[PDB]
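Chemist: This structure is in structure tokens; I'll ask about it shortly.
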Amino acid sequence: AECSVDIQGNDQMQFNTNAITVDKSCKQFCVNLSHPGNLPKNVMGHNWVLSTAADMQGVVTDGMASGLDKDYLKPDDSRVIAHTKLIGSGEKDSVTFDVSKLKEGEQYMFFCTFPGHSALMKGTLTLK
Ligand SMILES: [Cu+2]
Numbered sequence: 001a002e003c004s005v006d007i008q009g010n011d012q013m014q015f016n017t018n019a020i021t022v023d024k025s026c027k028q029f030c031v032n033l034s035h036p037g038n039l040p041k042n043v044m045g046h047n048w049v050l051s052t053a054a055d056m057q058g059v060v061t062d063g064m065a066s067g068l069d070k071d072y073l074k075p076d077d078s079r080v081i082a083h084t085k086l087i088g089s090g091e092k093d094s095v096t097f098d099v100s101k102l103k104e105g106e107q108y109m110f111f112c113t114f115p116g117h118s119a120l121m122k123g124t125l126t127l128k
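Per the entry's author numbering, residue 1 is the first one in the sequence shown, and the count goes up by one each step.
And the structure:
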């Protein structure tokens, strides 16, 4: 339970946490994304996407250009460490990834890549 976290993305374009700490001793880490609200995926879709801070903007811009059918992520984007699928209200999806893909001292960002959402739907992730 300290190798996993529940996060919500709602109808008002926000996650319910903007900082995540991953414990170094965790071999794997799991994020459970749910979407309270009423809006459908094609209007207020949310995913949970992880990259380094420096790669976030690039991931977001290319993802936006990839369209709804591609869950607003460039296929095989080498900058994406982990991601859930894009979900609408009433849905949930998790992602489990190797913690060895992170390193101490580097700033990671988690974010949604649905068009415009990362303005508010982002947060730091850190390994400790
Ligand atoms: Cu979103």
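Backbone N, C-alpha and C fix where the C-beta goes; we use that ideal spot for every residue, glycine too.
What residues does ligand 1 have around it, judged by CB closer than 7 Å to any heavy atom, in chain order?
Modeler: Cβ atoms closer than 7 Å to ligand 1 belong to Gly9, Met13, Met44, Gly45, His46, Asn47, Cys112, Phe114, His117 and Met121.
Chemist: Which two residues bound the contiguous beta strand (DSSP E) that contains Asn42?
Modeler: Taken as a continuous stretch (DSSP letters only), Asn42 belongs to no beta strand (DSSP E), being part of the alpha helix (DSSP H) at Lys41 to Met44.
Chemist: Relative to the C-alpha of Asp71, which residue among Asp55, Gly88 and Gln57 is closest?
Modeler: Checking every option, the nearest Cα to that of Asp71 belongs to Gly88.
Chemist: Could you say which of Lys27, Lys101, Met13 and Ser118 lies nearest to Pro36 if we only look at CA atoms?
Modeler: Per the Cα distances, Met13.
Chemist: Could you tell me the alpha carbon to alpha carbon distance between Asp98 and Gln28, rounded to whole angstroms?
Modeler: Cα to Cα, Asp98 sits roughly 5 Å from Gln28.
Chemist: May I have the straight-line CA-CA distance separating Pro115 from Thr124, to the nearest angstrom?
Modeler: Spanning the two alpha carbons is a distance of roughly 20 Å.
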